[PDB]
Structure formats: structure tokens, C-alpha cells
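# Overview (structure and organization)
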Amino acid sequence: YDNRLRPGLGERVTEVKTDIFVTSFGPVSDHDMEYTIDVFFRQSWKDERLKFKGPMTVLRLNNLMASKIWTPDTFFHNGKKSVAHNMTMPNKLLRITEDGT
Amino acid sequence: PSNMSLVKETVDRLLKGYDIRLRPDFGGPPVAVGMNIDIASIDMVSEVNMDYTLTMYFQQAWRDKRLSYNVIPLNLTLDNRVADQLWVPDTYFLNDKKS
Amino acid sequence: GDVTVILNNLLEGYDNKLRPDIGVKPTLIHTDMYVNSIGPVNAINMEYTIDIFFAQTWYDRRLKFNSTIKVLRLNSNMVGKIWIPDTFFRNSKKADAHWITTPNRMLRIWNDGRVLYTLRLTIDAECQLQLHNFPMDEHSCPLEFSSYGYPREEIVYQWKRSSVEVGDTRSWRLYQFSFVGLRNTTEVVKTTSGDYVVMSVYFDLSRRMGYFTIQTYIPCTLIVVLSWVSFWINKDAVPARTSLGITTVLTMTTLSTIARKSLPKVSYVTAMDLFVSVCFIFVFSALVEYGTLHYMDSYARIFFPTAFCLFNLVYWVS
Ligand SMILES: *[C@@H]1O[C@H](CO)[C@@H](O[C@@H]2O[C@H](CO)[C@@H](O[C@@H]3O[C@H](CO[C@H]4O[C@H](CO)[C@@H](O)[C@H](O[C@H]5O[C@H](CO)[C@@H](O)[C@H](O)[C@@H]5O)[C@@H]4O)[C@@H](O)[C@H](O[C@H]4O[C@H](CO)[C@@H](O)[C@H](O)[C@@H]4O[C@H]4O[C@H](CO)[C@@H](O)[C@H](O)[C@@H]4O)[C@@H]3O)[C@H](O)[C@H]2NC(C)=O)[C@H](O)[C@H]1NC(C)=O
Ligand SMILES: *[C@@H]1O[C@H](CO)[C@@H](O[C@@H]2O[C@H](CO)[C@@H](O[C@@H]3O[C@H](CO[C@H]4O[C@H](CO)[C@@H](O)[C@H](O)[C@@H]4O)[C@@H](O)[C@H](O[C@H]4O[C@H](CO)[C@@H](O)[C@H](O)[C@@H]4O)[C@@H]3O)[C@H](O)[C@H]2NC(C)=O)[C@H](O)[C@H]1NC(C)=O
Ligand SMILES: *[C@@H]1O[C@H](CO)[C@@H](O[C@@H]2O[C@H](CO)[C@@H](O[C@@H]3O[C@H](CO)[C@@H](O)[C@H](O)[C@@H]3O)[C@H](O)[C@H]2NC(C)=O)[C@H](O)[C@H]1NC(C)=O
Ligand SMILES: *[C@@H]1O[C@H](CO)[C@@H](O)[C@H](O)[C@H]1NC(C)=O
Ligand SMILES: CCCCCCCCCCCC
Ligand SMILES: CCCCCCCCCCCC
Ligand SMILES: CCCCCCCC
Ligand SMILES: CCCCCCCC
Ligand SMILES: CCCCCCCC
Ligand SMILES: CCCCCCCC
């Protein structure tokens, strides 16, 4: 597996289905013309390389597998000093469905 | 391209069998570390916190016979990440509160 | 795949510690900026915040490949594997890249050897404001950068044709100022460690006094008028005149301090300081006018409005 090349490179366009769950709409700072918002930033995509078949249909894993595989480099165009939470462990989840999603 | 290949062998030779744990001339005479500063700015003198903030180009030079080469006649400037593979003085500022 | 083999070949026997053409010729780097937003200008601390997409490109003969693929478009993963110039910003009080959701870096490699490397940066640059005439001051805030270690014989910079793609200025956090225009330079600064090529971008910022008028001048103008109505008040009303006089001058002191508070601790009188001091003279003189009056009223009714409006005439034109 090559972590550097996106899924379907040279044959497809990688379609990333995203969605947001706002856990809490933070305060608005009119002095700084900014606002804070805490979210569960969900994004899903198809990766044929990560296709398996075994006793289980979905592998519920931790952040360690995320760094080993290609993930979209999504960034916020108008973002200003966001933080990805780290306590107790990196607040992330990865789930690989048998079809590769 | 000879220099690119030749320079690669030289730098690779030096860092091979190099022990970062031992200072230059370990178990021998002290290593003379020369220091040289260039103050970029003194941001703010604070009486409330009894401190000042200073930005400088802190430079220090010393000799290391292990890192001596003579095949190429030029001074090699390398990536800053090489500093993590070389012994450097453990200089600290006894006054600094946050640097 | 056929792209993973290419990347393996490029990094095979690739020395990340050596610049392109080391000991052969200087490495020419073409820089380019897209100013996403010039953030708040911090006149008190003499700094400003700028968010940019700092793009710099160079040739690296080691990273040349021939195939049907014209460019290898990559994420931040490969940035640490290849040689990247050690560009730093000379006047940055504090800067940081962006890391949410992942490192905001991009990397593209062509067949011939071109490398395009861009990253998003928030730079808290240092702009040395000279507020001798405030709040009418105009500044030319720079942004210098160069290689920290590589001298002029090893790293040469140069502005691309598209110097600076300044973005839509409407959404900028620049409230005090207006972005007049930009100007670039390229010069060699000599230092103790060698001669380094420096490239600086000058942003011209022109102050707006609309806030300070309502914030500072208009309260300062209106309070001065409160002194003048002392004259129309009867002289026999000793507590009334002093009440107006002492109340008028004393609140002038508070206005000067709070107005002076907006400025930093600089040891020179500024134009805002000049206005409040002159307003201080009028209120003080108005109180002193009654002091001599009890111990003339009509003349003060004419001279005081004329002197202030005339004084404003001299001040504002300047
Ligand atoms: C004294 O102690 C302090 C700790 O108190 C040390 O500071 C720490 O140093 C380490 C190592 O340099 C830093 O780790 C690196 O962090 C990178 C991103 O950090 C961002 O998030 C952290 C929070 O997690 C913030 O603190 C950072 O901001 C602070 O630091 C920056 C400078 O880094 C300042 O500018 C800021 O003002 C803050 O002060 C950042 O916002 C992280 O990317 C990096 O990991 C990459 O690099 C390593 C290098 O081997 C790789 O192993 C790793 O896999 C990553 O590489 C991937 O990403 C790069 C990105 O381009 C690609 O190029 C690669 O190819 C690959 O894809 C590393 O983890 C740490 O952040 C920092 N601060 C802490 C811990 O608070 C001092 O260094 C230490 N020494 C001295 C002299 O002071
Ligand atoms: C790799 O890096 C080294 C060091 O940075 C370079 O060597 C320097 O080369 C320059 C170019 O000639 C030298 O410049 C002059 O050298 C004179 C010789 O002095 C020698 O004698 C004593 C030793 O006891 C020391 O002064 C010195 O370290 C030398 O060993 C100096 O006397 C000169 O001093 C003054 O010159 C003028 C006077 O107006 C001033 O402008 C200078 O700033 C200085 O005050 C001058 O320094 C330099 O001395 C060399 N230094 C060393 C340590 O060798 C290599 O050239 C470089 N290699 C490259 C680029 O390929
Ligand atoms: C940012 O810096 C760049 C680099 O100096 C500026 O662009 C460069 O401008 C010079 C001067 O105009 C160009 O040279 C001139 O070209 C014209 C047109 O061919 C020619 O008639 C002149 O005799 C002279 O040769 C230079 O080509 C150009 N850079 C490139 C890559 O072409 C740019 O103007 C600066 N941005 C500003 C000032 O806002
Ligand atoms: C790469 O291939 C092209 C044609 O396929 C050839 O012209 C070129 O010389 C080659 N470059 C090399 C081998 O460096
Ligand atoms: C709070 C300000 C008090 C008045 C200051 C008097 C000193 C002279 C200021 C004008 C000098 C050009
Ligand atoms: C009594 C005077 C109040 C208004 C002064 C305005 C002066 C504008 C100057 C414009 C530049 C010539
Ligand atoms: C000496 C300070 C001014 C006091 C008022 C004097 C009126 C003649
Ligand atoms: C009797 C004259 C009073 C002052 C005239 C108005 C000046 C503002
Ligand atoms: C301050 C202007 C109004 C008063 C003018 C008429 C006074 C007799
Ligand atoms: C621009 C604010 C000052 C206007 C002139 C006021 C003079 C009485």
C-alpha cells in the first residue's frame, strides 16, 4: 500500500462524501470576526486497496491505522488556528468496510 | 555531477560511526566553543513581569576532528535537520522563562 | 502501480541533506504568494498578521523522470522526504503553518525536474510603525524572507512574473487601514555568516480616522464646547461656573489618558496628543477666564470659538 497516492489515481476522481455533526456551536468573537464550533467531521471515500474479507464486515480501528493509509487533505479555507483534540488519545475513528469504503 | 556524488560520499562518511553521546575530544582537553550573537530586536521590556523579550541570531562555533574533511575545497552548508545527528553544545540561558 | 515505482526511484539514493547542484551552481528559487488575508494591524505591539499561500519552485535534476505522466501531484507526505529550501521570514515575531485536518502543504513534480512546493502560513510579521502623526499615519509594512543558512552563492531567490496575487480585499480584517498597494524588492544583505539574498514584500496601508473621530476627537470637541457655555452662564453663579469648569477640565484629563492609552508607550508627542493638549488649553483657559473674571465675558464668547475652529483649520490641513 502506497500512502502517497490517492485511491483510483490515473483512472478515477476520488469522491469524498463528507458530513458534519456540530457537537456545540461555540461562542462568536465579534472583536476578532471569528467563531468557534466543535464538530465531528465525518468524511468517507472508496479505496479499492483496503478491500478485505474475513469473519467481520467492518473493522472498527483507532487513529494508528489512519496515519498508515491515505486520507483526504481537507482544510478549512477560512479556518484560523483549529485544534484536533488529543486527550486521552487522538479523537479520531477509522472504519474499513469489506467493500473498501 | 561529480561534486554531487563526491559530496554525498563525504557527508555520508562523516556521519557513519559518529557518536552523538560523546563531545569532541571526549576524555581529553575541553572543547572551545566560540559564541557570536546578532540581536534582531528587543520586543518589549516589561516591569510587570520583570522581564524582556529579545530575538537574536544565536551563533556558536566549535571544532570537531570527527567532522573534518579535505577532499572537496568548499564549506558544506547542510539541512538544519542534520543538527539532530551531530553533537552540539548544551547551551542554556539561566534567565529565560519562555523561549 | 506505475506511479509508486517512480516515487521509489526518485528517492532511491536521494540525499535529503544536499541542495540541488551543491558545489556546482547556485539554486534558483522562484517564489510566489497569494495573500489570503492581511489580518489585524497591532499598532500597540508594532506587528500585523498575514495569512498567505507561500509558493516557491525550483529545479532538482535528481527528481526528473520520463513517462506518460507529466506531473506527480502529491500531498504533504512527500515534503519531508526531498530537499526543501530553508526559507524563513526575517521579521516574523511568530509564525505557524496549518495542520487541520492535515498539514496544509502541497507538492508537485514535473518530468524535467521542476518542484512546486506551497504551504499555508499565518505570519505575525513585524511592522515598525512610526506614529508621529496619528491617527493619520500611513505605513509600508514589509515581509522579508531568505534562506537561513545558504548564502548568495548557494541559494538565489527571484520573484516570478505574477509577483503577489493579492486576494479579494473586501473580506480582510483590515479595519483601521486600507490596502493601498503592494511593492516587491530583491537585495543582498551582508551578515556575519555570509551574503544572503533577501526578498521583501511591501504592503502599503493607509489609516482611517473615522473611528478615532467618534472615539476621541468628537468627545474632545464636544467637551470643549461645554467650557464655552460657562461664559453664557452668569458670572455671579460662582459654584455653577467652577462646577462646569472643574468638571470640564477634569474629564479632559481622563479623555487624554484613555485616548493616550490606545497608543503604545512611545516617547514623543503625536498628532492625537497635540489635539487633546490644545483642547486642554481651552478648557483650562476657560476656567482661568472665570478666575480672573471674579477677581471680559463677551470677548471670550467670540475668541474661543474662533481660536478652536481656526486651530482645527491649521491642524486638519496639515
Ligand atoms: C523542546 O521541547 C518542545 C516541546 O515542548 C519541542 O517542540 C515540539 O517539537 C516537536 C518536534 O519538532 C514537534 O512535533 C512536530 O509537530 C508537527 C506539527 O506540530 C503542530 O501541532 C503541535 C501540536 O501537536 C503544535 O504544538 C505545533 O505548533 C508548535 O510548534 C511549531 C513548530 O513546529 C511552532 O511554530 C508553533 O508556534 C508551536 O510552538 C504545530 O502546530 C508535526 O507535523 C511533526 O511531525 C512531522 O514531522 C516528524 C519529523 O520526523 C515526522 O516524524 C512526522 O511523521 C511528521 O511528518 C509528516 O508531516 C510532515 C509535515 O510536512 C511531512 O513533511 C512528513 O513527510 C510527514 O508526512 C512533529 O510531530 C512539536 O509540535 C513541538 N511542540 C510541542 C510538542 O508542543 C521542541 O522541538 C524542543 N526543542 C527545542 C530546541 O525547543
Ligand atoms: C570557508 O569558511 C572559511 C571561514 O569562514 C573561509 O575562510 C575565510 O576566508 C576569508 C576570505 O579571504 C578570510 O578573510 C580574511 O582573512 C584574513 C586571514 O586571517 C587569518 O589569520 C588569523 C588566524 O590566526 C585570523 O584572522 C583568520 O581566522 C585567518 O585564519 C583575516 O585577517 C581577515 O580579517 C579581516 O579582514 C577584513 C579587514 O578589513 C575584514 O573585512 C574582515 O571582516 C576581517 O575583520 C579576513 O577575515 C577569512 O579570514 C577566512 N577565515 C578562516 C577562518 O579561514 C573560507 O574561504 C570558506 N571557504 C569557501 C567559501 O570556499
Ligand atoms: C516583482 O518582482 C518582479 C521581478 O523583478 C517584477 O517583474 C519584473 O519586472 C521587470 C521590470 O519591468 C521585468 O523586466 C522588464 O521587462 C519588460 C517587459 O519585457 C521590459 O520591457 C524591460 O526592459 C525589462 O526587461 C521582468 O521581466 C519582470 N519579471 C519577470 C519574471 O518577467 C514585478 O514587477 C514586481 N512586482 C511589483 C513591482 O509589483
Ligand atoms: C526519457 O525518455 C525519453 C523518451 O522516452 C528520452 O528522450 C529521454 O532522454 C529519457 N531521459 C532519461 C533516460 O533521462
Ligand atoms: C494630558 C495632556 C496635558 C497637556 C500636555 C501639555 C504639554 C505640551 C503638549 C504639546 C506639545 C507640542
Ligand atoms: C473648522 C474647520 C473644520 C473642518 C476642517 C477640514 C479640513 C479638510 C482638509 C482637507 C485637505 C486640504
Ligand atoms: C496662577 C494660576 C492662575 C490663577 C488665576 C489668576 C487670575 C488673575
Ligand atoms: C454677543 C456675542 C456672542 C457670541 C456670538 C456667537 C459666536 C459663536
Ligand atoms: C453660540 C451661538 C448661539 C448664540 C448666539 C447669539 C447670542 C446673543
Ligand atoms: C473632523 C472633526 C472636527 C470637525 C471640526 C470641529 C470644529 C468646531
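As shown above, the structure is provided for reference.
### Digging into the packing of aromatic side chains
Residues and elements named next belong to chain C. Going through the model one piece at a time under the given rule, you end up with 37 aromatic pairs over all chains. The interplanar angle of 70° and the centroid separation of 5.9 Å between the aromatic rings of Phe 275 and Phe 308 together place this pair among those described as edge-to-face. Each member of the pair, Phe 275 as well as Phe 308, carries the same accessibility label: buried. One aromatic cluster in this structure is built from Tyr 217, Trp 228, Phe 231, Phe 275, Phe 282, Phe 304, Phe 308, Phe 311, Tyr 315 and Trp 316. Sitting above the plane of the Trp 110 ring, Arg 114 keeps its charged end 4.4 Å from the centroid.

### Points about the site of ligand 5
Residues and elements named next belong to chain C. For ligand 5, the full set of nearby residues is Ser 256, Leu 274, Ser 277 and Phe 280. Starting from 410 Å² of accessible surface for ligand 5 in isolation, the protein chains cover 40%. Here the shell around ligand 5 takes three residues from helix 4 (residues 271-294), the largest share from any one element. Grouping the amino acids of the shell around ligand 5 by side-chain chemistry returns two nonpolar, two polar and no charged.

### Considering the state of the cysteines
Here is the idea: a disulfide is a covalent bond, and it sits between the sulfur atoms of two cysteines. All names here are of chain C. Inspection of every chain in the model, using the stated rule, returns one disulfide over all chains. Note on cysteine connectivity: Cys 127 is disulfide-linked to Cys 141, with sulfurs 2.0 Å apart. Negative torsions about the S-S bond denote left-handed disulfides, and the value of about -75° found for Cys 127 with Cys 141 makes this one left-handed. In this pair, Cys 127 is assigned in the loop between strand 8 (114-125) and strand 9 (138-147) and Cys 141 in strand 9, connecting sequence segments 14 residues apart. Taking the relative accessible area as the measure of exposure, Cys 127 reaches 2% and is therefore buried. Among the residues examined, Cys 141 registers a relative accessible area of 1% and is labelled buried. Its sulfur unpaired, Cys 220 is 5.4 Å from the next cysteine sulfur, which belongs to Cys 279.

### What to know about the interface of chain A and chain C
Listed by partner, the interface residues are 23 residues for chain A and 20 residues for chain C. Across the contact surface, chain A and chain C share zero salt bridges. Along the lines of polarity and charge, the residues of the side of chain A that touches chain C split into ten nonpolar, seven polar and six charged.

The rules we used
Residues numbered from 1 in each chain as written, not as in the entry; some residues may be left out. Chains lettered and ligands numbered in written order. Part of a larger assembly, values for the part shown. Heavy atoms only, no water. Residues with missing side-chain atoms left out of burial classes, pairs and counts. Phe/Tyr/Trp six-rings, centres within 6.5 Å; stacked < 30°, edge-to-face > 60°. Buried < 20%, exposed > 50% of the residue type's maximum accessible area, 1.4 Å probe, protein only. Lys NZ or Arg CZ within 6 Å of the ring centre and 35° of its normal. Near = heavy atom within 4 Å. Areas by Shrake-Rupley, 256 points an atom, 1.4 Å probe, with all protein chains shown as cover. Helix = DSSP H or I, 4+ residues; strand = E, 2+ residues; numbered from the N terminus. Nonpolar A, V, L, I, M, F, W, Y, C, P; charged D, E, K, R; others polar. Disulfide = S-S within 2.5 Å. Contact = heavy atoms within 4.5 Å. Salt bridge = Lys/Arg side-chain N within 4 Å of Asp/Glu carboxyl O.

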